[PDB]
Amino acid sequence: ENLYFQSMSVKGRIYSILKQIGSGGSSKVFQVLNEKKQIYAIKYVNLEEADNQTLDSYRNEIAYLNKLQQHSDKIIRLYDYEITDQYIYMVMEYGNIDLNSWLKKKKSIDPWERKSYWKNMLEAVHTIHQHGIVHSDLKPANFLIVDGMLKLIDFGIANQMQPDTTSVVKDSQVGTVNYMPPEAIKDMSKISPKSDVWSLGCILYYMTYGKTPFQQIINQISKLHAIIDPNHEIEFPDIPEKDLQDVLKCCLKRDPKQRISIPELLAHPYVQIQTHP
Ligand SMILES: CCc1cccc(CC)c1NC(=O)c1nn(C)c2c1CCc1cnc(Nc3ccc(C(=O)NC4CCN(C)CC4)cc3OC(F)(F)F)nc1-2
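In case it helps, the working numbering puts the sequence shown at residues 14 to 290.
Dropping the structure here:
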């Protein structure tokens, strides 16, 4: 729903608010225009009931996002931010849609498009791994489409919060365990870069086969048991792209030791071999 007279200031710069395009418990996202009618998304986070630990995780993610955006164009831009004791405003790159919503409204995805997105994702995640950050909770919703290019929105660093404001409402894929790796389920560090490869593999599996590998299991304890059980054979239906079949089998090995790495994935023929005549 659009906001028709609202506006906000960030570091002495005024922004017209067109509409709200998202919400967590303590947070909101707004489609906004600056003084020169350039479009942005502003993330607002209320800090009024956040403890020092939570606060410091927000501070950490902001520092890292400000640094890492210079290292890759597959991370979302953070143009400015304002940070007080009460709130954070972040002025960020705008996208017309996130990958989750895009995939919901696409049955048949173009093979070229899928490969292009796969590359974008790999480059983003590779970048955070290179600075010691394992996201540890990658879903399609963490990726924003900006003129055909996927941008990673967050680094999984910040501590999530709950609507004790209430009037409670939430979304399809926030709780989801469909992208979760076996070692995460055992775990309750032992969090390695390989955790992210499983999650990325699950996204690619969605793009290839039209669902995540354990999506069929409604019963959430049966699902978690299926993810861990070596005898539970994951399906990989035959398709023209034999390199894509290989990538998925390699990402979804349950043993993280035996599971493929991001540098390996980047040199894989799926990413590298020119299919075009
Ligand atoms: C809530 C804050 C938060 C906390 C923790 C972690 C995270 C990251 C996941 C975040 N959340 C975030 O950090 C976050 N959440 N959103 C939604 C955005 C961000 C970052 C910047 C950003 C920039 N541009 C956009 N634009 C849009 C992104 C997605 C949609 C969308 O999916 N719409 C659907 C289209 C199809 N129909 C059928 C259903 C709706 C529409 C959008 O803009 C438009 F609305 F203007 F069009 N969004 C975002």
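We put the beta carbon where it would ideally sit given N, CA and C, even for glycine.
Problem - Alpha-carbon spacing of residue 158 relative to residue 126, whole angstroms - result: As a working note, residue 158 is residue 145 in the sequence shown. As a working note, residue 126 is residue 113 in the sequence shown. Each residue's alpha carbon lies about 12 Å from the other.
Problem - Beta-carbon spacing of residue 131, residue 217 below 8 Å - result: To locate residue 131, count along the sequence shown from 1; it is residue 118. To locate residue 217, count along the sequence shown from 1; it is residue 204. Yes, these two residues count as a Cβ contact at 8 Å.
Handout entry: Complete beta strand (DSSP E) runs within the stretch 27-112 (minimum length 3 residues, chain order)
Key = 40-46, 52-59, 91-96 and 100-105
Handout entry: Pocket of ligand 1 (residues with CB nearer than 6 Å to any heavy atom), chain order
Key = This criterion selects 34, 35, 36, 37, 40, 42, 44, 54, 56, 105, 107, 108, 109, 110, 111, 114, 154, 155, 157, 166 and 167.
Exercise for the section: Check whether the Cβ atoms of residue 152 and residue 105 sit closer than 8 Å, and answer yes or no. Expected result: Your numbering for residue 152 matches position 139 in the sequence shown. Your numbering for residue 105 matches position 92 in the sequence shown. Cβ atoms of residue 152 and residue 105: not closer than 8 Å.
Exercise for the section: Could you name each continuous alpha helix (DSSP H) segment of 4 residues or more that falls completely within the stretch 151-210, going from the start of the chain to the end? Expected result: 195-200
Practice task
Assign residue 284 to one of three DSSP states: helix, strand, or coil.
Solution key: What you label residue 284 is simply residue 271 of the sequence shown in a count that begins at 1. In the structure shown, residue 284 sits in a helix (DSSP, three-state: H, G or I).
Practice task
State the Cα-Cα distance for the pair residue 178 and residue 247, rounded to the nearest angstrom.
Solution key: For this step, residue 178 is matched to residue 165 along the sequence shown. For this step, residue 247 is matched to residue 234 along the sequence shown. Near 42 Å, if we compare the C-alpha coordinates of residue 247 and residue 178.
Practice task
Spatial neighbours of residue 258 within its chain, please: CB distance less than 7 Å, with the 5 preceding and 5 following residues excluded, ordered by chain position.
Solution key: Indexing the sequence shown from 1 puts residue 258 at position 245. So the list reads 249 and 252, once near-sequence residues are dropped.
Exercise for the section: Select from 72, 275 and 135 the residue whose C-alpha is nearest the C-alpha of residue 171. Expected result: As a working mapping, residue 171 is identified with position 158 in the sequence shown. Taking only the C-alpha atoms, the option nearest residue 171 is 72.
Problem - DSSP three-state assignment for residue 147, whether helix, strand or coil - result: As a position in the sequence shown, residue 147 is number 134, starting the count at 1. Coil, per DSSP.
Practice task
Put residue 235 into one of helix, strand or coil per three-state DSSP.
Solution key: Translated into the one-based positions of the sequence shown, residue 235 becomes position 222. Residue 235: helix per DSSP, three-state reduction.
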